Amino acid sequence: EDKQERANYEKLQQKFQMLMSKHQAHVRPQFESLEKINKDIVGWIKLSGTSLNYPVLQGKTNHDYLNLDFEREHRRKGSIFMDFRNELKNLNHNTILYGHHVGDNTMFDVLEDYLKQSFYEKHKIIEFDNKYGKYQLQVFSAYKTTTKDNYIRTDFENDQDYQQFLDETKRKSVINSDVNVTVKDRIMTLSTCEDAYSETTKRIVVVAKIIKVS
């Protein structure tokens, strides 16, 4: 169970790695393949040298995969899942991703590490891939938060309105980044999540500039 869970992710991690090697350049086939397992698997997130290396889910709601893994089995750690509002094909300004932080170096435990500049330095880039392209996540802000909204905004009203969001995001960061974001760029937010009804004013958020490298 608690070790079978690592078995599954191990299997899958190794599976994904070979797919990303067989087809290489092409990404369309790697996910058409993962979709056989579960049609709700819409992407992959990986950070080399860490345990952050999982498939990303998406359901009709934001609690669909809270306590479910990629093969739809109940698990306290659920899955890493995209906001039910976000778009796979054509990204929104801000694509949100959520995942647990139970403290055993799995799922989104690694987000906490980004609160240290040192760690940020050694890990400025996170890989994100899906059925439509390869992307590179350029981390530029990491912080702890008590609020439950605002940083959960998919699309925006206008450049002025969006400009503010980027500015606050930057102001809230507890680490210095040499990246440069603008109302032009699209961003991705990584946030931790507690079980449903599991009150906790402590959340960790990581925001990055989304670069399509394909």
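Just count from 1 along the sequence shown to find any residue number.
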Per the entry, higher mean C-alpha B factor between 108 to 116 and 129 to 137:
129 to 137
Averaging only over Cα atoms, indicate whether 163 to 171 or 24 to 32 has the higher B-factor in the PDB entry.
24 to 32
Of the options 144, 124, 89, 93, which has the highest CA B factor as deposited?
89
From 37, 152, 56, 187, which pick has the Cα B-factor that tops the rest in the entry?
152
Thinking about Cα B factors across the chain, which third does residue 192 belong to?
lowest
Report the third (lowest, middle or highest) to which the CA temperature factor of residue 158 belongs, ranking only the modelled residues of the same chain.
highest
Ranked against its chain, the third holding the CA B-factor of residue 207:
lowest
Considering only modelled residues of the same chain, in which third does the CA B-factor of residue 182 rank: lowest, middle or highest?
highest
Please say which third, lowest, middle or highest, residue 63 falls into when its CA temperature factor is compared across its chain.
middle
